[PDB]
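Everything on this sheet refers to the single structure shown next.
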Amino acid sequence: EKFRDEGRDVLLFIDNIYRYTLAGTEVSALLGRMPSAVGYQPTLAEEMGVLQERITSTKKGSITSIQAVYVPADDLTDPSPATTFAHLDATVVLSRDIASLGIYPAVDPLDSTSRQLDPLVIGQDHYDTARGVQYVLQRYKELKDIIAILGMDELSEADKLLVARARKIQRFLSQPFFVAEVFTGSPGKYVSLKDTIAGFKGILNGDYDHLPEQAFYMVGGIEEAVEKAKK
Amino acid sequence: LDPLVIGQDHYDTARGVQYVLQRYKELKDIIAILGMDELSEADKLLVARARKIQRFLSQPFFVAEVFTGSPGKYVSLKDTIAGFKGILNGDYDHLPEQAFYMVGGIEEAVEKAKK
Amino acid sequence: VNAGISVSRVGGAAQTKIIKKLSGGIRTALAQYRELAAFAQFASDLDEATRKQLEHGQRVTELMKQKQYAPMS
Amino acid sequence: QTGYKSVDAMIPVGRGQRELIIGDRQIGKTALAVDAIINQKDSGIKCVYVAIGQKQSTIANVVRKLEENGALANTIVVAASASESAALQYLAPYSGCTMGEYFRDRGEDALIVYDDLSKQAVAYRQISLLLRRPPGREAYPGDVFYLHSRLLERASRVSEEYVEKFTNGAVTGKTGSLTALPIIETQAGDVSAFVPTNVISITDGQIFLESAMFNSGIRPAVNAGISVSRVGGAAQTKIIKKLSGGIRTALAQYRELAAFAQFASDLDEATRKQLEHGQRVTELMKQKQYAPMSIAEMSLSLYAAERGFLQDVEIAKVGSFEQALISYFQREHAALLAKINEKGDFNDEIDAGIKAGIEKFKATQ
Amino acid sequence: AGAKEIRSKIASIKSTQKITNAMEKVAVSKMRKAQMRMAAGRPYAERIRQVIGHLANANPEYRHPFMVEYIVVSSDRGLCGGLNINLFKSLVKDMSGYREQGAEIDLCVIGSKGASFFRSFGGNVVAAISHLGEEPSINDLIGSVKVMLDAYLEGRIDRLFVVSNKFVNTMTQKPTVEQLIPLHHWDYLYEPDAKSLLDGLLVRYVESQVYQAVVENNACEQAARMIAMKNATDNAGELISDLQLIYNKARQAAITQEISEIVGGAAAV
Amino acid sequence: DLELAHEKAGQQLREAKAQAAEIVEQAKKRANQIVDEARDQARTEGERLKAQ
Amino acid sequence: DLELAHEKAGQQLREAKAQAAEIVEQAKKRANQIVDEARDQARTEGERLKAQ
Ligand SMILES: Nc1ncnc2c1ncn2[C@@H]1O[C@H](COP(=O)(O)OP(=O)(O)OP(=O)(O)O)[C@@H](O)[C@H]1O
Ligand SMILES: [Mg+2]
C-alpha cells in the first residue's frame, strides 16, 4: 500500500491463499466460535473480502496480485476454492505436459483464462487474435489423436496446413527470460503487447508458412524468427 | 505368513491364491458390461480358476450342521496346500465349478463332480 | 424376502422333519443362483452344469411367490 | 539411501529432508522405514525410531530385527506404547526429535522415524477434549496443524556457520542434519482426511503405498505415478541420477499402455517394444524385506534394464537374472563395485566396465 | 445412500473405460488388415470382366442366361454402430417394392446377425453359413452361392442381388444393394470350346463378387466397432464426471453433520 | 569334402564338450564360494549370538 | 552330420547346465545347515552359561 501511495504500480505475491483461509479456521476454533459448512470459520467470506478488497487500481497507483491456489480433495465447489474464485480476474495454469515438450513458460493456452479476454475491453483485434490461436490449438489437439489412432495420411490438405500453423504457434508461445539465461544459454527478451499481437496475427494468416517451426522457438519478437531463419 | 517362519511352498501357494483373486476382482465388472467373449484367452482361463478357488475355500463345519444340513469336515494344512496348488496348476480344470462348493478336501470335489 | 441377506440363527432346529429334509440348502442355493444369473447375462453357450443350475434356479424363485391372506399347511 | 530401487531411483531422500510414508493399514509402511534404518549401519547417519501407540510385543519384534541385522548399535529406540498415558504418547516425538538434534547441532547427521503421527494426533485430541478446549473438524483442537508443523520443521540441514556458532568453534567446516521419515495411516485410501492433509502440506515429499499394488505381488507397493520428492535429483549420486531418467519414462509409458497387454499381438511393433520394456522395468522394482541394496548393486540392475540387456529375458525370469548378475559381479568384479561405492561416481570407464561384465555374464552364466 | 457406494461405481466405470479405449485401437488395426485383403482381389475381378466381355462378343451365337433378362452379409460379433440395422433397413425397403409389384423372395444369410433378424420374424431362407473367420476364404461361400446360381438356372429365381455395407470411408459405411445376375479388334483361340469356357468363367465371376462383398463388410464391421468403442469411452467419462459431483456433495454433507453432532454433545456435557 | 567335413565336425563336437565342462568348473568355484561364505556367515552369527 | 555336430553340443550343454544348477543347489542346501547348526551350538552354550 505504501508504494502504491508513492505513485507506483506494485506486484503482491501471496505464496498460498489456501493457507490464509486455514489459518483463519484455526484462529476461529481457538477463540471458540461455532463452525460453518464443511468445518470452515463463520467469517470465511468476510476474511477473504477484507484482504482482497485492498488489492485494487486507485487514482494514485495499482496493486496487482499473483496468488498460488490449492484445491482441497480436487473439489472446485469446496468453500475455500469457491470463495477465492469469486475475487479472481485471471487463472494461469502451468502444465507438466507442456514442460516436457520444451516450452519453459509452461502456461496452458487452453485451460488458462482471463475475464479481460472481452472485445469490449481489449478491442476486437487483440480478442480475435487470441481466440484464433486458441481455435487452432484446439483443432490440433483433436487431430493429434487422429494421427495417433489412424495415421497422418487420413488428414485433409487444410487440416495438414492447420497442423503446420498450430506447431509454429505452439513454439512461438516460448520466450527467453532474463532470470533463465543460466538454463537457456541465451539473452532475455521483453516483448511489448503491440509486438505480441502483430506476431501471432501474421502466423494465423500464413505470412510465415515458408519458415521452419524451429525458427519460431525461443526468439522473442517475430522479426527475430525471420532472422534465426535466414541462418 | 513368512517363509522364514513356515516355508516357501506354503507362502507361494498363499500369494498365488491371492494374486488370482486380486486380478479377478477387476475382470468381474468387465464381464458385466460387454460380455465374456470379449476377454483374452488367458483372462477366460483365469476367470474359471478364480471362481473355483473361491468355492474351494468353502468348508462344511460340524458346528454349522444345524444350518448347512450336511456333515462337517476337517482339512489338514497339507490337503489345504495340495488342493489349491493343483487348482492353480490347472490340474482340476476338467471339473465343473459347482464341484468345489462345500467339499472339504480336493478329493471330495473330484467325487462331487460325478453326482 | 431377500434370501441372500436374510438368515435364521436357529436354522434346521426350528423345522419339522419333513420340511427340514426337503428344504436342504435351498437358501444358499438361491443365494448362488442370484449370482449365477448376473454373470451369464451376455456370455456364449455354457456347459450342461451351468444351464441346468440356471434353469432350476428360475423355478424355486417363482415358487416362493405367494398371495396375501393365503397361508399353506 | 534407503536400499530400495523404487525409492532411491524415483523418490530420492536427501540429508535434512522430510519425506512422508503414507498409505492404508498392513501394506509395508513400517517395513520400508525399518529397512531405511538398517541401511545406515555403515553410512555415518545415526538413527532414531519413535514408537507411538504400538503394542509392546510389536516394538520388541522391530528391535529384535534391528539386532539380527546389526543396526541396533547405531539406533536410539523411543517407546510410548498403547497402555501408557496420552501425555507420554503426545510428548514421545518431541523427546526423540531432541535426541536427534544433538547430532545435527554438533556437525553430524541423523535420521528419525515417527511410526504413527496419526496416533500422536489422537493422543493430543484426548487431552484437549478433556481440558474442554473448543473443537473443530473431526473433533481435533484448533492447533493440531501447529502440533505436527512445530515437530517437522526441526528436521533440517544447518550451515557451517550455525555449527561453528553452536560448538563455539570446536567443530568447523561441517554441516549437520536431521532427516525425518514420518508415517501416516489412511482409511480406505482417503488422503483428504484432516490430519493426512496437514502433514502432506508440511513435508518435502510423499511416498504413497497402495493396497491394490501390494495384493498384485508388487511387494514394495510404491505408487510411483503420484509419489514425489520436491528435492529430486539434488538428493542423488551421479550414477543413479543418470540411470533413473529412463526408468521414469518406461514406467510412465507402461501406465499409459497397460490395457493393450491382452491385445499385444494387434499392437503396432514400436508400441509392442515399449510395452515389454515397461513390463520388464515394472518387474525389476519388486524387492524383498531386510534386503537393502548398495549404490553399486542398485546401479547394475538399473543399468541392465535402461541399456536394454533384458529384451531376451522372459518377464518371469527378470528377478533370478538380477540376483545371479549381482552374485557374478560380487565375485569377478569386486574392485569395480568397491570403486562405484566410494561416491556413486560415473564416467566412460565405469560405463564400459559394467557393459563388459554384463556381456561376459550372458556368455557363460 | 452415501459416499461409500459412489466410489465403487466410479471405479467400476473407470475400469470399463480403459478397455473400450484399447478396443478402438485394436479395431483400427484390424480395419487396415481387412483393407489390404480387399485390394488383393481386384486383379482377378478386373481381368475376368474383360475376358467375359470379349468372349461373349466374339461368340454372339451363345447368350448365357446370366447375361440376359438376395445374398445378405452380417457380422458374427456385437459392438457395431448399428451397421447390421442400417443394411437390414435397406433390405426391407427393396423387398417392399417387390412385394408391392407381386413377386416372391428367397434369401441367403451369411453371418449370425442375419439369422437372428430372420428367426426373430419367422423369415424364409434357402442357404445359410456363419462363423466365417475375420479372414474369410472363397471356398466357404461356394456352397451358399451354388444354392443361388442353380435357382436362376432352374428359373427358381428371376434376379439375384448382393446386400452388403460398402466401405465409403473410415467414418462412412454405405448400405447398398447391387444386381449380381443378370450382368477388342482381334479374337481368341478357344480350348476346348468357347461355350464350355463361358459356363466356367461366369461361375468364377459371381463367386468372386460375393467374396469381394464379404471382405468389404468385414472392413466395415471393424470401422463401425472403432466408432462404437469411442462413443462408449466418451459416455463412460460423462457418467464418471456426474458421479464425481454427487461424491463431492456427499463428502461435504458428511462433514457438516459430524460437526453439528460434536457441537451438540459439547453444548450439553 | 565328406572326410574334411567329418574332421571339421569332429573338432567342433569335442571343443563344445570342453567348453560346456568349463560351465561346470565355474559352478564348482561358485559352490565353493557359497559354502566358504556360509562358513563365515555361520561364524558371524555364532559370535553375534553368544555376545547377548 | 552337421546337425549332430550342434545337437550333441546343445544336448551336452543342457546336461552340463543342469549339473551346474545341481552343484549350486547342493551348495545352497549345505549353506543353511552350516549357519543353523552354529546357531544351535551357540544358543546351547548361552543357556548353559545362564543356568550355571
Ligand atoms: N518386500 C516387502 N516389502 C514390504 N513388506 C513386505 C515385503 N515382502 C513381504 N512383506 C510383508 O508385508 C507385511 C508388511 O507389514 P508392515 O508392518 O510393514 O505393514 P504396515 O503397513 O506398516 O502395517 P501396519 O500398518 O499395521 O503397521 C509384512 O508381513 C511383511 O513381511
Ligand atoms: Mg506399523
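Descriptive notes on the structure:
- Subset tally (residues that are within 10 Å of the chain's Cα centre (by Cα) and of a type in the set (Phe, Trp, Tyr)) for region D:1-58: 1
- Restricting region D:101-143 to residues that are among the aliphatic types (A, V, I, L, M), closer than 30 Å to D:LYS174 by Cβ and more than 16 Å from ligand 1 (Cβ to nearest atom) leaves a set whose member that is nearest to the other protein chains (Cβ to nearest Cβ) is D:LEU111.
- So F:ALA38, is it within 8 Å of chain G (Cβ to nearest Cβ) and surrounded by 13 or more Cβ atoms within 10 Å (Cβ to Cβ): yes
- Note on region A:141-195: residues that are part of a loop (DSSP other than H, G, I, E, B) and within 19 Å of E:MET171 (Cβ to Cβ) amount to 4.
- All of D:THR179, D:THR203, D:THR172 fail the test of being surrounded by fewer than 19 Cβ atoms within 10 Å (Cβ to Cβ), of a type in the set (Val, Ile, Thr) and more than 16 Å from ligand 1 (Cβ to nearest atom), apart from D:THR172.
- Set side by side, the residues D:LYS5, D:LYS41 differ, and just one is crowded, with 21+ Cβ neighbours inside 10 Å and either charged (D, E, K, R) or within 14 Å of ligand 2 (Cβ to nearest atom) (or both), which is D:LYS5.
- Unmet requirement for D:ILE52, which otherwise passes all of (1) more than 20 Å from D:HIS148 (Cβ to Cβ); (2) within 16 Å of ligand 1 (Cβ to nearest atom): (1)
- Among the residues of region G:1-35, those identified as more than 7 Å from chain F (Cβ to nearest Cβ) and under 30 Å from F:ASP1 (Cβ atoms) are G:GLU3, G:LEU4, G:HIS6, G:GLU7, G:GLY10, G:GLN11.
- Assessment of region D:310-320 against the conditions (of a type in the set (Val, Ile, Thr) and buried (at least 20 other Cβ atoms within 10 Å of the Cβ)) yields at least one matching residue.
- Test for B:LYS28: is it among the charged types (D, E, K, R), more than 11 Å from the chain's Cα centre (by Cα) and under 24 Å from C:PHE42 (Cα atoms): yes
- Checked against (1) more than 16 Å from ligand 2 (Cβ to nearest atom); (2) within 15 Å of the chain's Cα centre (by Cα), D:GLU108 passes all but a single condition, namely (2).
- Sole residue being closer than 30 Å to E:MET23 by Cβ and either within 11 Å of chain C (Cβ to nearest Cβ) or of a type outside the set (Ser, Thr, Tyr) (or both), chosen from B:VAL5, B:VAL75, B:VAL66, B:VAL47: B:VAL47
- Condition check for D:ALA224: away from ligand 2 (no atom under 16 Å from the Cβ), part of a loop (DSSP other than H, G, I, E, B), out of contact with any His (no Cβ under 7 Å at 6 or more places or on another chain) and away from every other protein chain (no Cβ under 12 Å): yes
- Tally, over region B:8-28, of residues that are surrounded by fewer than 17 Cβ atoms within 10 Å (Cβ to Cβ) and within 13 Å of chain C (Cβ to nearest Cβ): 1
- Entry remark, region C:1-56: residues being assigned to a loop (DSSP other than H, G, I, E, B) and of a type in the set (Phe, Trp, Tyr) number 1 in total.
- The residues of region E:1-17 that are surrounded by 15 or more Cβ atoms within 10 Å (Cβ to Cβ) and either within 11 Å of chain D (Cβ to nearest Cβ) or among the hydroxyl-bearing types (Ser, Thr, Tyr) (or both), listed by number, are E:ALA3, E:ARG7, E:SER12, E:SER15, E:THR16, E:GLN17.
- Count of region D:1-49 residues which are more than 13 Å from D:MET293 (Cβ to Cβ), within 8 Å of ligand 1 (Cβ to nearest atom) and not small (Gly, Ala, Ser): 8
- In region E:18-61, residue nearest to E:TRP186 (Cα to Cα) [restricted to those that are more than 14 Å from chain D (Cβ to nearest Cβ) and touching a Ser or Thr at 6+ places or on another chain (Cβ under 8 Å)]: E:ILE48
- Residue match in region D:78-96 (condition: surrounded by fewer than 17 Cβ atoms within 10 Å (Cβ to Cβ), in contact with a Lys or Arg (Cβ under 6 Å, 6 or more places away or on another chain) and small (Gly, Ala, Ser)): yes
- The single condition among (1) small (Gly, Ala, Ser); (2) away from ligand 1 (no atom under 16 Å from the Cβ); (3) under 22 Å from D:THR237 (Cα atoms) that D:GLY278 does not satisfy is (3).
- Among the residues of this structure, D:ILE59 does not count as one that is more than 22 Å from D:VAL158 (Cβ to Cβ) and either within 10 Å of ligand 1 (Cβ to nearest atom) or in a strand (DSSP E or B) (or both).
Here the Cβ is made from the backbone with ideal geometry for all residues, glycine too, and neighbour counts use every protein chain on show. Here, each number is a calculation from the coordinates, and none is a lab measurement.
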